[PDB]
Amino acid sequence: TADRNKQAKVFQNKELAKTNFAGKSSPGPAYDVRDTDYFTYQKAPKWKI
Amino acid sequence: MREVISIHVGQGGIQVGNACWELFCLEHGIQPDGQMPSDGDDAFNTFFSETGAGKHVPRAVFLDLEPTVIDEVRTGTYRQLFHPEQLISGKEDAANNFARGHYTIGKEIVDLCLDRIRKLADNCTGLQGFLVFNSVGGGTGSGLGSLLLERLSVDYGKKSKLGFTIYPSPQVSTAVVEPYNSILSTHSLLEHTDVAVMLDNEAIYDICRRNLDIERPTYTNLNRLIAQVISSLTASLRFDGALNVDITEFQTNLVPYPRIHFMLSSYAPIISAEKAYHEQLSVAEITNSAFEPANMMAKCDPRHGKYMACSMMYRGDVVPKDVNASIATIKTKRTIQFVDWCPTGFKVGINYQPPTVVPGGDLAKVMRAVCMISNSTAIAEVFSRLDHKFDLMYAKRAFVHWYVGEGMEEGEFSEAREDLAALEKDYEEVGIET
Amino acid sequence: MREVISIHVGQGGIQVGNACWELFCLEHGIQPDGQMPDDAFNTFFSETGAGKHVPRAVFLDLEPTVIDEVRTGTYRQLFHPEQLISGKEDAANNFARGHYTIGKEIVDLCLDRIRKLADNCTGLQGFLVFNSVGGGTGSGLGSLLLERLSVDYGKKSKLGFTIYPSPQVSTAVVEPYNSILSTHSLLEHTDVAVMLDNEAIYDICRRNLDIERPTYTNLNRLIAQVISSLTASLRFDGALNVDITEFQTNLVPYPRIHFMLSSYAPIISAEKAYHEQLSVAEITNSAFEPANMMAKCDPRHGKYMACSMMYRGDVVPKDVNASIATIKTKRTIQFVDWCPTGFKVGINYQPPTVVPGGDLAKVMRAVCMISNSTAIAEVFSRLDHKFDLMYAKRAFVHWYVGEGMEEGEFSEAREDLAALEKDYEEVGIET
Amino acid sequence: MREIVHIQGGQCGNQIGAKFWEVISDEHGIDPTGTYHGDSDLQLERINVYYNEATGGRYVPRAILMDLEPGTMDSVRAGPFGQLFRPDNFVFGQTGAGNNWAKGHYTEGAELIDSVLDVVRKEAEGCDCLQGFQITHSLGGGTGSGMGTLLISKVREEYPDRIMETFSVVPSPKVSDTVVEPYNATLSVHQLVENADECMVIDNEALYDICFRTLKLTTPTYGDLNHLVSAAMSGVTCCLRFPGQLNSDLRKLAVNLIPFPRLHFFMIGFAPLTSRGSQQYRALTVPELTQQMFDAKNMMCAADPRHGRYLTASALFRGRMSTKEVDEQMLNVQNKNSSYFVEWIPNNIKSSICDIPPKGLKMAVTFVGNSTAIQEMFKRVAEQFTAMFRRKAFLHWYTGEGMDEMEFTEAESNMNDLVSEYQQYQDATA
Amino acid sequence: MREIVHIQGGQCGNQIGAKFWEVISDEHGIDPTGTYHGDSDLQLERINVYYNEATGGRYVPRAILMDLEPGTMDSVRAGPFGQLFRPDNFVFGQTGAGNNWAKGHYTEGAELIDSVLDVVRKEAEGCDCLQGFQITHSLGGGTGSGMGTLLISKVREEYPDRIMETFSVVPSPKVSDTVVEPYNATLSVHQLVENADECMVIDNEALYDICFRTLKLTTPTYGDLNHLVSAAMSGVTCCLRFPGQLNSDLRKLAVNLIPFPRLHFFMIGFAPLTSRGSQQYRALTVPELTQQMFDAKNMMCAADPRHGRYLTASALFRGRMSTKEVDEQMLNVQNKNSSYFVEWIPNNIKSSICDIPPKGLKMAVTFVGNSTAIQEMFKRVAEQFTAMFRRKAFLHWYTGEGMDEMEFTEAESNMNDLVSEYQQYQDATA
Amino acid sequence: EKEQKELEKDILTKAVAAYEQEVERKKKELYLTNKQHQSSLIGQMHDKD
Amino acid sequence: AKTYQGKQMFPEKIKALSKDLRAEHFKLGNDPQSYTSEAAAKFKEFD
Ligand SMILES: Nc1nc2c(ncn2[C@@H]2O[C@H](COP(=O)(O)OP(=O)(O)OP(=O)(O)O)[C@@H](O)[C@H]2O)c(=O)[nH]1
Ligand SMILES: Nc1nc2c(ncn2[C@@H]2O[C@H](COP(=O)(O)OP(=O)(O)OP(=O)(O)O)[C@@H](O)[C@H]2O)c(=O)[nH]1
Ligand SMILES: Nc1nc2c(ncn2[C@@H]2O[C@H](COP(=O)(O)OP(=O)(O)O)[C@@H](O)[C@H]2O)c(=O)[nH]1
Ligand SMILES: Nc1nc2c(ncn2[C@@H]2O[C@H](COP(=O)(O)OP(=O)(O)O)[C@@H](O)[C@H]2O)c(=O)[nH]1
Ligand SMILES: [Mg+2]
Ligand SMILES: [Mg+2]
C-alpha cells in the first residue's frame, strides 16, 4: 500500500545529501543584495559646488 | 545530518562566539588555520561544513556596526578559519540607543544578514535550530536581536531559537541607559524566542572569585565559562550517549506554558588544577554543588520560590543508577521544594565525551561534569527590580528625547511596561497552589 | 560541417570581439600567429591548407583608430588582412549619419565580404552580431546589415548581443534617441537579442571578483566567457547537446518577444574560490538569485517565461535535476500560469578555460543562463520616459533632420515601443 | 512452522532486541556472520521459528526495526551481532517525535507507518503457518508509546485470529527521567487494553532492585537490565522451539491464563538469580526453584503480590526433571498460601516442562502471574495524570496538532473503569 | 529463423541501440571485431535472428540507424562495439529537426526517408522469413517522435501482416528537459495508436526511482539507464532465440495480451534488481522473484498500477526452473489480489519459461503488464497540452510549414477519446 | 546439491570484497583531484599578488 | 591577541566505554550441559 512519492522519506545512508538540503529552503532570492558593496570598500566623495 | 546555526550580534556576542569557537575547534582537533592535521567521522558536521578537500567552515555569523572587533578578528590568528565575508560590519554604532538599532541603521544591515542566513541554511538538511548570542545592555545588540527575531519568526515559522542573553547585574552596571533597551528587548523577544537563559555577570564574577581563586577576573574567563556551558549543552548532538537529548526535546519538557520560557543554569564542578586532584569529585558531590544556590549562573535565589522543572546533562563516565540515586536524595532534601502539580520534574541526559580543557585556561582535567538548566518561580525578582528601575527613570521622562528623535514613537514604553506587569501576574498566578 | 559567422561593428563591438578572440584561440590551442604547434575549430576557423588558420569573423568601423590598433597589435598575422573594414569619418553618435549618408557606401563592400565568407562556408548555422547601441555608427550599421541580411539569406538565424545604456549611468547625452531608433529597427529583424547594460556588470565585478578598479577590459572578458559557455556545445561533445536553432523553438513564445537577459555563475576571485565546495546547488541558486543578473533588472517584479541553462564541466544531471525540483518548490520565483515547466537544460564535458593575466579563477562546474521574463518592461519604460522628456521640446532633433531622414520617424518608434509595452503587459496577465 | 515475527520500535525496544537476538543466537549456536557451527542436531530442526534461510547458507532474523531517529540503529549496527540484521528491514524517519505521543501517533507516524506496515506484511505473509506477533516497547516515550500502539491496532484489524504479545515498559515514578510520561502512558494504554492479546509489564525500578539485592553486584547497567528481560523472553518461547515432557505454546498460555477478555496484563519472573559469589553454595533443586519463583523481590514489577490475591499462575521449567516433585511442590505451595489465592478458581496453576535448559544453568524457571496487585501501578499513574491535567500543564503541545481534551478525559475514564473492574473480582466470593 | 530487423532513430534511440547491441553481443559471445568466441554450441544455433553472415566468418547486425545530425552517429561509431555496424546502413541529415515535430514529419522527412525506406526494404527482402519489426525511440524529441511514427505508417502500409513493436520514451512532468514536449508527444501518440501493434512506455523518472532505491548507487548515468532498458528488451525475445520449456514469441504475446485492437500500451519490468552490497543476503527463489516484478516500485513507468486494475499480465522466466511453483505462484497472487484484477476475464496471467539464464545471473524475469493505470500519463499530458494550446503559445513554429490548428484539435480529441474508451473497461461489470 | 550450495559462498564473498575496493578507490582519487585543484589556486594566489 | 593563540593539543576510550555499557558484567551459570532428547534416552535398541 505504498506509492512512488512519500516513499523517499525513509533515510538510508548519506546520499540524502543530493535530495534534502533544500527541504526547508528558508525562502530564497526574496532578499535584495544589489549594490551592497557600500560596506566593504570606501564610498566616493559627494560634494556641493 | 543534524545541523544548527549560530548567530553572534554585539560586542559581547562576538567576544563569546570567538571564545566558544576556540573550544569547539580544540575539541574537534581542527587546527587554527582550519586544516585537518596529521592526515570516527561526521562529528564536525554539527557545527562545520566541509569544503570538499581539507579545511572546514564554521556555521556561524558575526554581526556588528562598529567594526573594531571584526577588524581584530580578521587580522587575528583565525584569519583563515572564517569565511571572508560573513563577518558583517557597518560604519556607525548604535551608541546604546535601541531606537537607532531598531529603526535607523539596522534596517540596512538586516537584509544582507538575512541573505547570509539563507546562504548558510540552504546548505543544511536537518537544521535543528538557531542559537543567538547578544548582550541586552547594548543598543545595537538589543535592536539587531529584536529585528532578527522578528524577521526569522515570520520567514521560517516553527524552528527553535535559543537566546543566551546577558542581563545587567542588579547593582553593578556599565552604562546608565540600559534598563530602557533591556525592557524593550525583553518585550520584543517574549513573543519571539522559544527559550531564553539568564547570563548576568555578577554571578559569574562571584563563582570565579569563590572557586577559581581568581581575585581579578576579566571578560575572558566569563566567556570561557559560557563556552563550556554551550559545549556541555550541545555535546549530545555530536557525541553518542546512553540517553541522548535533542534541541527539539526542550520546549516539550522545560516550558510548561508558552509565555514562560526564561531559565537559569549552573555548571559543576568549577575547580582549579592545583586542587582538583585533591578530591574524588563524585557524582553525588557534583550534583549537590549544582543545586547549591550560590553556584547559580544567575544571581537569583531559588529559595525564594518554587521550581517547575530541571534538565540536567551529565558528561563523563557517570552511571544512570548513580544519577537516579542522587536525584532521590535531592527529592528527600527539604530546603528545595517543587510546585504541587509537578511531582516529577527532572529530565536527565548522559554523554561520554569528557569535558575538554583549554591550555592556558583556568579549568583542569575532570572526568565528570554536569550542567543544569532550571525553570523556577524565583526569576520574577529580577523582573521586579528592572521594572522598578524603569519606573524611577520614566517618572521624570529622562533621556526620552534620544529615543523620540530617532523615529520611535512616544507611547512605545507603555505597552512594554504593561507586558512586564502581565508577565509578573502570570508568574504570580502560576506559583500559587490549586 | 558546423560553423557560424561573427560580425563586429562599433568600438564596443570591436573591443568585445578582441576579447572573445583571445579566449577562442587560447581555448583551441592556436598561437597568436595562427600556427598550431580532431576537428573542433571548424566552427570558428578554417584550415588554410598548410599551417595557419583564419578566423571566420569580420570587423567594421568608420573611425580608423581601433582597426589600426588591432592591425598593429600582437594579432597582426591572425585575421585576414582585407576583412578589417576601416573608414575615414566617424558618425559621431549620430544615428542618421550611420543609417542614411555613410552606411550606403559601406553596405555594398560589407555584403561582398560576407558573401565571400559564406561561399567558403557550407553548413552555416547562423550569424552573431556585436554592436553597442549607444553609438551612431553601431546602431545605424547594425540596422543596415540586419536589413540586408534578412532579405539576402532569409531564414538563417541571427543573434544580437547589444549593450544597452544603463538606467542612470551613461556616457553620451543623445544615446536615448538612437537607442529607440535601433530598437524599432531590430524588433522585426533580429531573431534573438541579449541585453548587456554596463551597470550590472560593474556591480558584479565590484561585489564578487573583488577588484576596486576594473575597466572595459574586464567587462569584455566576462562577455567573452558568456559567449564561450553559450557556444561550447557546437564544438564539444556532451551528454546533452544544444544548437543555436534550439533557441527560437524554446525561448520565444511569440515572434514579438525575443529579448532576453543573461547571467553567469560562479563569479569568484581566487582568494576565496575553492575554500567552498562550489557545488551545483550553490551555483544554480546564485544563478537565479537577483544579484548576478547581467542586466540592471529585478525579476521579482514580474513573471518568468522561459529559462535556458547550459552547464559545463563534471556536472551530474542528477545534481541539476535535484536543483530544478527545489527551484520549482521555491516560492519567490514564480512562472507564468501557461507554462508549468519552462526549463531547458544543456550539459557539456569541456570545463571553462582561463585567460592568463585574467581575474576569474578556474572551476570544474560552470553555468550560463539565458532568461526570458516579463520584468524586462521597466528598461523600455524608463528609456521611453527619457526619450519623451527630451523630445517634448524638440531637443537635438535638427541634427537628425539635417542629415536627410524626415521628421516623422520618431513617432513610429514611439508607437512601436508603446505597442511592445502593451504586448508585454497583455502576456503578463493570467488567463 | 507456527513461527513468530519480531518487531520493535523506539531506541529502548531496539536495545532490548539487540540483546534478545544475541542471547537467542548464542542459544542456537549461530556466529555473528550467520553461519551454523552448532554441536548437536537438536539446534537446527526448529530454527525456522525465528530465522529465515538465505543464499550463502546463512540465517537472517525476522525482525523489523522501526523508528524516527537514525542514530540509535546506526549505533546498534556497529555492535556485536549487528550484521545479522537485513538492511531493508531498517525503517526510520529523520525528525523524531521528541517524547510526544500525539506527534508520534497522528502527524509523523501516520505518514511513516506505510513502509513498516508493508514490510511487516512481507514477513508475516511469507511465513508458512503464522503463529502470532510479539512487540517490545517502552511506554515512557512519546514516539514508542504512540506509533507502537497505532501499528498494534492496525495489525489487529488485519489479523484478528493470530496471537499478539506485547512487552511493555511502563514508567515508575520512583525512577523517572521525563516530565511528560503520565500523559503518553495513559493515552497509550487506552488503546493497548482494547487490542493487545497479551501484555507483560516490566519496571526499571524493579530491575534495579533485583540487580541490587539478588545479584549483589555493585553497578547495574542497561546491559544487565536487557539481559534480564532477554532471559525472561527466551524462557516463554523455549518450549515452542525445544521438545519437552509437556509442550505448551502461546495459545495454550493465553487460554489458561486469562479468565476474562479485558484481563491480559501480566507480570513475569525468572529463576534462578544469585550472586556469582554464591554460585557454589547453590543447590539446584525444584523446591529452591519454586521458592525463588514465588519470592516478592524476584518479581520484576514493583507491585507487591501480597497486597492482592493471585488469579492464575503459570510455570515453565527448563532442564531434565521429573513431574513428581514438580506437581507435589506446586500443590504444597498452593495449599501453604491459600489466602493469597482467590477461592473460586481452585487448582489455579499451569505447569509446563521442557528438558532443554538455557546455556549455563542446569535447571531454570519462567513464571507468569495474573494477580490483582497490578492495580496499584494504574492507580499511581492515574494520580500523576490527574495532578498534571487538573492545571492544564504541558497541554498545548498535544493540542497544537488536532487532539483535544475529550480524548484525554475518555482515556482517564477508561483507565479508571478498567481499574474498578479489575479490583471488583478481588473481593468476589462464592 | 523467424528473424527481426532492428531500426532506430533519434538521439535517445541511438543511445538505446548502442547498449542493446553490446549486451546481445555479450549474450551470444561476439567480440567487437565480429568473430565468434563463445563456449556453448547453443549460442550459434539461432544467431541468424539478429545477425547476418559475411565472408571470412564474421557477423553483422541487421540494424538501420537514422538521424538528422551526424554528431551522435560519429560519437557512437567510435564507441565500443561501434565497428559491428555496416557503414551503408547509416543515414543522416545535414540540418536537423530542432525538436519541431512539423519539421521532423513534413518538411525534410519526406525527402530523406526514401533512402532509409529503400535500405530497410532491401534488408526485409534479404531475410529468409520476416517475423516483424522493432523500433526504439523517444516521444520528447522532434526528429525521433516524428520520423519514427511516419516510418511506422510507411512500413505498415507495406507489410500489413507483420508484427510491430515500439519502445517509446515518454516525457514525464517531473523530469522535463524541453518545453515543447507536450505538443510532439500528443502528435506522436495520435499516429502511434493507429498503427503500432505493441507500444511499451518508458519513463526516466520511473527508471530513476528504480536506480536510486533498488540499486542504491550514488551516481546514476545514461549508460546505466541504457543497460537496464536493454536488458528489459532482450528478455522479451530471449525465448525466441533459445530453447525452453514453454516457447512463446511476439505473436503469442500479441494474441494473449490485447483484448481489443486499440489497447496495446504496456509497461515492463525486470527482475531481480539488488544492490551489490546486499547481493549476498538475498535468496533467489521463485516467490521472491514474483513479488519482485509485481512490486509497483520496479515498474518502468511513472503510473501507479494499484490505482487501477490489470487487464492482463505476462511473465517470462530465464533460468532452469520447473513450471510447478511458477504456475502455483501465478494462481496464488491472482487469488490474493482479486480486487486489482478485473473479473470478467478469469486467469489473466501468461507464463513463459526459457532454460538459459542471462550471463552472470541464475534467475531472471521480464514482466509485461496491461493495466488500467496508464490513463494517468495521458491525463497529465492532456492537461499540459491544453494549458499550452489555450493561449496559442509556441504555435507559429508548427504552423509556418503547412500544419494547422485543426490537426492539433483532432489529435487532442482522439487522445481524449482513447483515454475515455480505455477507462470505460475499468469499471465495467459482468 | 549441498556442494554447489557451499560453493556459492566464496563467489559471493569475493564479489563483495572486490566491490568494496571499487568504492574506496573512487573516493581516494577524487580526494587527490580536489587536492591538486586547490593547490592550483595557490599558484593563482601567487600570480595575483 | 595576548589571550588567543593557536595551540597544540593532540575515540578508543569512547568505544571501550560504549561496549562496557552493553557488556554482561555477571554472565550466567557455568555450563555442564550436553544436549540430549528426553524420550531418546529412555528408548534404546536392545539385543
Ligand atoms: N559577559 C560579558 N558581557 C559583556 C562583555 N562585553 C560587553 N558586555 C555587556 O554588554 C553591555 C553593553 O553592550 P556591549 O557588549 O558592550 O556592546 P554592544 O552589545 O555591541 O552594544 P553597543 O555598545 O551599543 O555597541 C554591557 O552592559 C556589558 O554588560 C563581555 O565581554 N562579557
Ligand atoms: N561594455 C562595453 N561598452 C562599450 C564599450 N565601448 C563602447 N561602449 C558603449 O558604447 C556606447 C557608445 O558607443 P561606442 O561603442 O562607444 O561608439 P560606436 O559604437 O563606435 O559609435 P560612434 O561613437 O559613433 O563611433 C558608450 O555609451 C559605451 O557605454 C566596450 O568596450 N564595452
Ligand atoms: N532496559 C533498558 N531500558 C532503557 C534503555 N534505553 C532506554 N531505556 C528506558 O527508556 C526510557 C526512556 O524512553 P524514551 O527515550 O522516552 O523512548 P522514546 O520515545 O522512543 O525515545 C527510560 O526510562 C529508560 O529506562 C536500555 O538500553 N535498556
Ligand atoms: N534513457 C535515456 N534517455 C535519453 C538518452 N539521451 C537522451 N535521453 C532523453 O531524451 C530526451 C531528449 O530527446 P531528444 O534527444 O530530443 O530526441 P531526438 O530529438 O529524437 O534526438 C531528454 O529528455 C533525455 O532525458 C539516453 O542515452 N538514455
Ligand atoms: Mg557595543
Ligand atoms: Mg564610436
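Protein chains in written order, with the deposited numbering: chain 2I, 50 to 98; chain FE, 1 to 39, 45 to 439; chain GE, 1 to 37, 46 to 439; chain FH, 1 to 430; chain GH, 1 to 430; chain 2K, 393 to 441; chain 6H, 260 to 269, 273 to 309.
Built from N, CA and C at the ideal position, the CB exists for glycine as well.
{"query": "Alpha-carbon spacing of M403 (chain FH) relative to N100 (chain FH), whole angstroms", "result": "12 Å"}
{"query": "Heavy atom of ligand 3 within 7 Å of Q15 (chain FH) beta-carbon", "result": "yes"}
{"query": "Minimum Cβ-Cβ distance from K216 (chain GH) to chain 2I less than 8 Å", "result": "yes"}
{"query": "Residues bridged to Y36 (chain FH) (per DSSP)", "result": "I30 (chain FH)"}
{"query": "Cβ separation of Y172 (chain GE) and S158 (chain GE), assumed to be a contact under 8 Å, to the nearest whole Å", "result": "That pair is no contact at about 22 Å."}
{"query": "Min CB distance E279 (chain GE) to chain 2K below 8 Å", "result": "yes"}
{"query": "CA nearest to the CA of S190 (chain FE), picked from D431 (chain FE), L391 (chain FE), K163 (chain FE) and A403 (chain FE)", "result": "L391 (chain FE)"}
{"query": "Among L204 (chain GE), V363 (chain GE) and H266 (chain GE), nearest to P175 (chain GE) - alpha-carbon criterion", "result": "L204 (chain GE)"}
{"query": "Nearest-angstrom beta carbon gap, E165 (chain GH) and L250 (chain GH) [assumed within contact, 8 Å]", "result": "7 Å"}
{"query": "Any heavy atom of ligand 3 within less than 6 Å of residue CB: hits in chain order", "result": "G10 (chain FH), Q11 (chain FH), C12 (chain FH), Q15 (chain FH), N99 (chain FH), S138 (chain FH), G140 (chain FH), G141 (chain FH), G142 (chain FH), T143 (chain FH), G144 (chain FH), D177 (chain FH), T178 (chain FH), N204 (chain FH), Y222 (chain FH), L225 (chain FH) and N226 (chain FH)"}
{"query": "Proximity test, Cβ basis, 8 Å: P61 (chain FH) and chain 6H", "result": "no"}
{"query": "Residue nearest to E108 (chain FH) in terms of C-alpha spacing, selected from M66 (chain FH), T186 (chain FH) and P80 (chain FH)", "result": "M66 (chain FH)"}
{"query": "Reduced DSSP secondary structure (H/G/I, E/B, other) of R276 (chain FH)", "result": "coil"}
{"query": "8 Å Cβ cutoff, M200 (chain FH) in contact with chain FE", "result": "no"}
{"query": "8 Å Cβ cutoff met for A54 (chain FH) and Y310 (chain GH)", "result": "no"}
{"query": "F418 (chain GE): contacting residues in chain GH (beta-carbon distance under 7 Å)", "result": "Neighbours of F418 (chain GE) on chain GH: none; closest Cβ ~30 Å, over 7 Å."}
{"query": "N-terminal and C-terminal residue of the alpha helix (DSSP H) that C20 (chain FE) is part of", "result": "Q11 to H28"}
{"query": "Below 6 Å from a heavy atom of ligand 6 - residues by beta-carbon", "result": "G10 (chain GE), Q11 (chain GE), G143 (chain GE) and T145 (chain GE)"}
{"query": "CB contact below 8 Å: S115 (chain FH) versus chain 2I", "result": "yes"}
{"query": "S230 (chain FH) Cβ short of 7 Å to ligand 1 heavy atom set", "result": "no"}
{"query": "Any chain 2I beta carbon closer than 8 Å to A289 (chain GE)", "result": "yes"}
{"query": "Min CB distance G29 (chain FH) to chain GH below 8 Å", "result": "no"}
{"query": "Rounded C-alpha distance that separates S147 (chain GE) from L422 (chain 2K)", "result": "51 Å"}
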